[PDB]
């Protein structure tokens, strides 16, 4: 969803 | 049967509860969403808790990770659904 | 051989387990997914645990970080695969 | 009524407060944003706290998770709105 | 010189180590990746640790945050590179 | 004036410091970035700390959450800017 | 061995400390101690999780085990033996 840089699901 | 039932639901976590929003215009939302999934592309106006508002030229299916208090109906051409 | 074997699998973590979902329509899912990878674009309807449902005009290959309890078959034109 | 009212707002968390930015050019921003939602596509120039600046050929509706101190007006053709 | 050298590498963290994967087909991967960066668009088949497999109609440059044990070669038309 | 000044900068956090990278080719980077914002689309080659390298057919404005040690100049046609 | 040549391991750092502990023998761990120098103890206390909080919790003990800060062990080089652990009394 949110504003990270993380290759992740949400 | 969820294996993540004991896990706490943070702001970073996926959308547990969704509800469609109406451009209410000077009546605040029931629950403020963690994010907004847009249904139809266009423009929509969003107000913070501090009161300042901007217009967002949003696209069709984008999620935008903003946490708005009230969606006004003046410049809102775009339909969205809230996520929480 | 995973180097992340000891790590706990949170909601924010990548998809460990995937299973294709069918538009079951008033029978709930076996396990509710953390996210939905869409296979074929279209519309699909999703219900929370609180019961309210909306239609999502979804695109082709999008992941949508929603955690649905039941996918109904009334307005579902889009095939998806669940991630958990 | 937010159910996440007691939750702390981290850098990874969604956008609580938004404000439109102007290409100020050698006057720093009021509050530096966690991210920038771009309104109109183009080029925009961004300066760190360490002072080095690059031009970003940004697209229309992208969010870019950069935390800039000052947006200059020399090469800025793109309008954005800050998120914090 | 990394300033994040002391930081632990979680599942949510960016890709430290990358390796190209081959569609091995009933021989498991050396290390299972946190995510898959796709090189060429197409279809590719992925198996969990629980054994169930689906076909993913993936696009060209997408990252998909799935953690597969084995990529089979039956329906795999798409080349990808693993991230870990 | 940042309200997030006391917050620690993790790998998952937004980009505090940015610097443009050159395809150095057998001289390592000054600081390895958390992510790479691509400026011009094309191909670029990336090396881990373990030494294995692949070519990435990257698009124009994508961010790719990879943490490379060295960007070589053999197959690099794409210009990028590092984020840290 | 930790993994990477200069520093600790990359993906999973600080289990080099754990398997070193649990590869020392059950009776020797009853009264054992780490031995380090100060610029290794600083580097171990600088180790932190994915959020920015240092992951470890006057003798300055580690994992409940006492720590002897020497000044004569090697620092963290390519192949140096900076951290030792065991029942030195036996």
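Protein chains in written order, with my numbering: chain A, 1 to 10; chain B, 101 to 184; chain C, 201 to 284; chain D, 301 to 384; chain E, 401 to 484; chain F, 501 to 584; chain G, 601 to 690.
Here a beta-carbon is modelled for each residue, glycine too, at the ideal position from N, C-alpha and C.
Between residue 685/G and residue 603/G, the alpha-carbon positions lie close to 18 Å from each other. Chain G places no beta carbon closer than 8 Å to that of residue 460/E, leaving this residue out of the contacts. As the crow flies, the alpha-carbon of residue 213/C is around 9 Å from that of residue 7/A. Beta-bridge pairing by DSSP links residue 513/F to no other residue.
Neighbours of residue 265/C in chain B, taken as residues whose beta carbon is under 9 Å from its own, are 113, 114, 115, 135, 163 and 183 in chain order. Flagged as an interface residue toward chain E: residue 548/F, by a C-beta distance shorter than 8 Å. In this chain, residue 620/G is not harboured by any beta strand (DSSP E); it is covered by the alpha helix (DSSP H) spanning 615-621. Residue nearest to residue 433/E within the set 475/E, 466/E and 473/E is 466/E (criterion: CA-CA distance). DSSP places residue 637/G within a strand segment (E or B) once states are collapsed to three. At least one beta carbon of chain C lies nearer than 8 Å to the beta carbon of residue 611/G. Its Cα nearest to that of residue 280/C, the residue 258/C stands out among 252/C, 274/C and 258/C. The beta carbon of residue 641/G sits closer than 8 Å to those of 660, 667 and 669, all from its chain and outside the five residues before and after it, given in chain order. Residue 308/D and residue 124/B have their C-alpha atoms roughly 28 Å apart. For residue 676/G, there is no enclosing beta strand (DSSP E), as DSSP gives it neither H nor E. Spatial neighbours of residue 383/D in its own chain (CB-CB distance under 8 Å, excluding positions within 5 residues in sequence) are listed in chain order as 315, 317, 318, 333, 334, 335, 336, 337 and 363. If you look at residue 118/B, you'll find it in the beta strand (DSSP E) that goes 118-120.
In the DSSP assignment, residue 253/C forms a beta bridge with 247/C. Counting only Cβ-Cβ distances below 7 Å, residue 502/F has contacts in chain D at 331 and 332, in chain order. Boundaries cannot be given for residue 429/E, as no beta strand (DSSP E) includes it and DSSP labels it neither H nor E. In chain E, no part has a C-beta under 7 Å from the C-beta of residue 256/C; the shortest such distance is about 18 Å. Secondary structure of residue 381/D (DSSP, three-state): strand. Under the criterion of beta carbons closer than 8 Å, residue 175/B and residue 160/B do not qualify as touching, at roughly 18 Å. Around the beta-carbon of residue 549/F, 16 or more other beta-carbon atoms lie within 10 Å, marking it buried. Where residue 370/D is concerned, the enclosing beta strand (DSSP E) starts and stops at 370-372. Under a 10 Å Cβ-count criterion, residue 256/C is classified as buried, with 16 or more other Cβ atoms of the shown protein chains found around its own Cβ. At a cut-off of 8 Å between beta carbons, residue 3/A makes no contact with chain E. Taking 8 Å as the cut-off, the beta carbon of residue 178/B is found no closer than this to the beta carbon of residue 146/B. Here residue 363/D is bridged, per DSSP, to 337/D.
In terms of beta-carbon proximity, residue 9/A stays away from the interface with chain F, with every pair separated by 8 Å or more. Judged by DSSP in its simplified three-state form, residue 242/C adopts strand. According to the DSSP assignment, residue 668/G belongs to the beta strand (DSSP E) that extends over 667-670. A residue is called buried once 16 or more other Cβ atoms fall within 10 Å of its Cβ, and residue 611/G is buried on that count. C-alpha of residue 648/G to C-alpha of residue 615/G: approximately 13 Å in a straight line.
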